[PDB]
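One structure is given below, encoded as structure tokens.
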Amino acid sequence: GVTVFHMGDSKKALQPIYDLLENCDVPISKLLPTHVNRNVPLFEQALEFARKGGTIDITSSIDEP
Amino acid sequence: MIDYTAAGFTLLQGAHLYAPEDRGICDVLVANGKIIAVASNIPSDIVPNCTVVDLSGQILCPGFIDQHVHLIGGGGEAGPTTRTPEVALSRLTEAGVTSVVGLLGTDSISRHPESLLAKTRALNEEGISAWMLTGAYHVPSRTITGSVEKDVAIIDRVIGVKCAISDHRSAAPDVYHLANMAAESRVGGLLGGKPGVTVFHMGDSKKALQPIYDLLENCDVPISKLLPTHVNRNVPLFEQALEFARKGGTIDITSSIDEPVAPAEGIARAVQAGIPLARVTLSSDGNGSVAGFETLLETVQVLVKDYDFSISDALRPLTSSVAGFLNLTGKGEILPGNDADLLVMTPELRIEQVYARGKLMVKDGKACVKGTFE
Amino acid sequence: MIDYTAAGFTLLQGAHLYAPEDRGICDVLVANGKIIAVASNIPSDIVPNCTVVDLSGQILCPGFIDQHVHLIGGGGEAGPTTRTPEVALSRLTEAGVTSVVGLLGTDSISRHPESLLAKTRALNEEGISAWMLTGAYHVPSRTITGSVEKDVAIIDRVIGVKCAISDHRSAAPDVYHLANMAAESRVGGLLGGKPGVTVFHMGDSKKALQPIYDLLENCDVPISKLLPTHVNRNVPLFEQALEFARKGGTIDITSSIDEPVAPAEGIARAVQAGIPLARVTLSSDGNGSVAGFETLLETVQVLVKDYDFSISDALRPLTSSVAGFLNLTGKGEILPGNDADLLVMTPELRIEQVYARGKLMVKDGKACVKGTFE
Amino acid sequence: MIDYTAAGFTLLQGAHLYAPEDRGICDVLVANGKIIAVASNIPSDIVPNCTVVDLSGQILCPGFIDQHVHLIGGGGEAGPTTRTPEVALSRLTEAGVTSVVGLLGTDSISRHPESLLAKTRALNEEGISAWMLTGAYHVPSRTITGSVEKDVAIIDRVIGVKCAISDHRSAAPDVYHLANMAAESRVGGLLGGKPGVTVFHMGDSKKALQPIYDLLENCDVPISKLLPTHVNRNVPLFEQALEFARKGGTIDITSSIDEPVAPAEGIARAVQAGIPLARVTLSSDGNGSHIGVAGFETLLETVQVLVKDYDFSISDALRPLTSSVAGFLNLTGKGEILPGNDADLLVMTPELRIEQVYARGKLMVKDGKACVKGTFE
């Protein structure tokens, strides 16, 4: 019963997710952001997310940045 | 014969010169405390009474510039017994420090700017280069002349103001008082030809750099003036400091903190993050806590040893980077015109000799010039 | 023979000692105002000139520490006629108070900190232990030296600052002024080896503790420094105080208020709420209103009688809890080293004798040592 | 067994006591930093865990009270480089000093009253007893609370005020600002239970003590509250100093100055002039001012020379450093080794060289070397 988010390049990065956690009680262990390594600040935030309990998903098909 | 020793001519020859940018085996001619020549193989007789010194097989780099030292003492956070003593000249010159920026910490009741100013001037007379930051953790700042802007402006040794945020020992400053403070430091600096920076002592609050960002909104002080320190005190905050450095700001890492982010580990992660070393400096926060200055040279060594930084790149956060942030004209770099602040090291980076404005401070790794009462 | 009475040796033997933690029939050897021994059955000749006293069948516990007393007087909220008089030494020692924290209330125009400081010192000379809080309901605070931080720091008897919020007699303080005030008290405390607390007089506003929460956001002062009082003045507020105590903060209940939440009823509800008694203290707000100190001993009695608290647990909010909150080293607990502040009670908890720093204050339930002009 | 170590019982026995009054082979029982018994032959078992220390063949006397020490440092008269460092605990104790009064000097621009206070308290927590004089050379006085009267009244460790007169580094005060200054220290002293004394730094002006006599003419501060210092810095000032003591004043000689009147010679000339030793104090002027920072040795060296080259009794040589000082500054429980007083005693040899030092019951000097030191020494 997980939710997998396709991360884009918007500056807001993981913001939509944190807002969600504020607006309901879905455990953070069910949200999965993907393509986290598609841009540095999103990957930075990705690390912070994992720190709060989330599990991040990196995609091998992307080599930079 | 005629007497030319007034010029105090000294020639440092045959050393592997790092200025910090790796040059080769270069020679450095010094006169009147100034580096008047830098070109490989200089005549040992080019100038008259020249104290020629053989540095063959040794390293020669710029002396360290430490911008975080409680010169007149600090501490006191646990009663009057915990008030640390003032800093000894030899202590600095032995750690390879030739230029230093004094400041006050938490205690601004038994520690006053007039004393720091005095200690700063006493240091300059004794041989090294010293400046000071006005204020303390406290905001609004307890100044010398009545306003931060006036201090930075007319007190010759003040280059900016200090303060403390996101800490449990602050004065609980609000964005306006904070912004105003920085603006005064900035304006003052222009009027005094000072960098006019604002150094923020970082605490362990969750808020971290939020006040520094909040400040950017409410004023127009260039981000190149806001310097946070102790960013390596907690990882969550360090991470933000990096993001802050990625935006054009500079970050100061204290070599007196070894966890959760060690000094080297700090300078290292920044590079990996893709931050020009230009925006990264290393401070000791010496005589704080009682903190020492050994960790400055140790952070260089470990950087070249444990991590894979080069001698030149390792030195930067302790020289040119610092010099370029405070606009300390003529320092942190070995070129004709700049000050003869030099460090003779072994290939293993162990300070042997130290030169400050021409004068010899450390002879056999032990200062041979000391403060009046050491 | 040789003279040893200089040591003023006194031995309290055969009493049911509560320190407050229920020990058995323990003996307590006192010397030079200090408890130098606590172990059942001590020799009546162990030390030379020893005033041996038979307390068989009596209770022995630490004297009360009352942290809310308008020592030099208070009131005045209805003209100059309503200005209450200063506190009498015998009044305190008879209610079983051996350590007290003075403070000012609403009137800070005809009542000054210099006077309180003076009264505090006069009390210490007379036999008991006294400290004081700087400021008053008014914010920013009217201090002695110019700043709260400086007062708490260098005035030897100031342990923190007071103020008033969510009340119709405040100065309508805003979060910044409030936060700054507490931060100064906190920093000052560290510099002076004082608890550096901030005691908030609670009013009957709907806002209740909201300002104290608002403060936590805007600064980093530990929640262990914010002490609200009179939390039992209205139920809605009391409920919040409990939630506040559940978060690590301490709450002060005034024994001078009997509704809607009586003192005992207050200390009781806290336990039910699951709050370690450690975070609960009981103050009198004596000489306020004219309030008296009888209600302190009455809150203990009623707690052991009407409610089902034990003698030991009942005493805590009036001793160890208080002592541990202000860090009053050597008080609120009977152990070797601590001060000989003692209370001899009947099994029914009716103070018979009182000892303050060794000296005997109350003999037959009536003080035998009084202030200079009683 | 029951634990009585809290009392910190200690039995100093066998020594030849000087309290400073010549006693004989007397004993001294300490408990909780206080002297609780003084009498010959005290039984070693008299109290529980009593740390009995045999001072057989030793001299036991009261600890030194140094009322002129630049605790936070001084100097600076030849530039910021000449600013001396803070005094180290051990430097004092090893000199016999158990009680000290701090003051400021020429420099009150880079030296502050709040710094002297904090330090004065560091030393207190570290084991000895320290007090301080508000103000400095400069008059009016740069103070803590805004008024000299207020400092001497409400700041616990302040016991009076300092100032300089007849010196080329003075602030050039007039009899008015000088008299008002001494009056406030007097009143404030009364209010706070402090000596409320005024200590004058004597210079080399020919006028010598003139400013003082003028003050007595312009107000009613008792002459027993005025204390001229460095009186032995030039002969005619020392001459006048003697006349001053004759009219009731108490003079203060500084051991750190050897000419043109030595410390020992000064205390001796005083006696010869008929001044009671009670009105003669000796201070060190420690840590003020190669350029060299002044030390605390000359103090003991005065007691020694007094007994060895002048005929003063051991008991008499001690007075101007013990009973005399405590008396002038109303230092309760000090300068006297009698029951009730504090355990500030020094253990010496019959040659008057310190061996042990006790401050409020703790051992500061175990073998002529400090076993207790400042937190960063």
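Here Swiss-Prot sets the residue numbers for chain C, with the shown residues being 1-289, 304-388 in order.
Per the header of the entry, the method used was electron microscopy, 10.5 Å.
Even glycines carry a Cβ here, placed using N, Cα and C.
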Matching residue for the Zn(2+) 1 site, where Swiss-Prot names C:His68, C:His70, C:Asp285 - out of C:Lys162, C:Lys194, C:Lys377:
C:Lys162
Additional site residue, C:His112, C:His177, C:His201 [criterion: listed by Swiss-Prot with C:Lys162, C:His230 for Zn(2+) 2]:
C:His201
Measuring Cα to Cα, tell me the gap between C:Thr106 (substrate binding site) and C:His230 (Zn(2+) 2 binding site) in whole angstrom.
14
Around the C-beta of C:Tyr137 (substrate binding site), how many further C-beta atoms are within 10 angstroms, looking at every protein chain?
22
Out of these binding-site residues, C:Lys162, C:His230, which one has the fewest other C-beta atoms within 10 Å of its own C-beta?
C:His230
Can you see whether DSSP assigns C:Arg233 (substrate binding site) to helix, strand or coil?
helix
Where among the binding-site residues C:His68, C:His201 do you find the Cβ with the fewest other Cβ atoms within 10 Å?
C:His201
Site with most surrounding Cβ atoms, counting all protein chains shown within 10 Å, from the binding-site residues C:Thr106, C:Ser289:
C:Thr106
Assigned conformation of C:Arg169 (substrate binding site) - DSSP reduced to three states:
coil
When you rank C:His68, C:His70, C:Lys162 by Cα distance to C:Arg233 (substrate binding site), which of the binding-site residues ends up on top as the closest?
C:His68
Hey, how far is C:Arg169 (substrate binding site) from C:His201 (Zn(2+) 2 binding site), Cα to Cα, in Å?
10
Write down the Cα-Cα distance for C:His68 (Zn(2+) 1 binding site) and C:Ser289 (substrate binding site), rounded and given in Å.
12
Hey, what's the Cβ neighbour count for C:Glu77 (substrate binding site) at 10 Å?
13
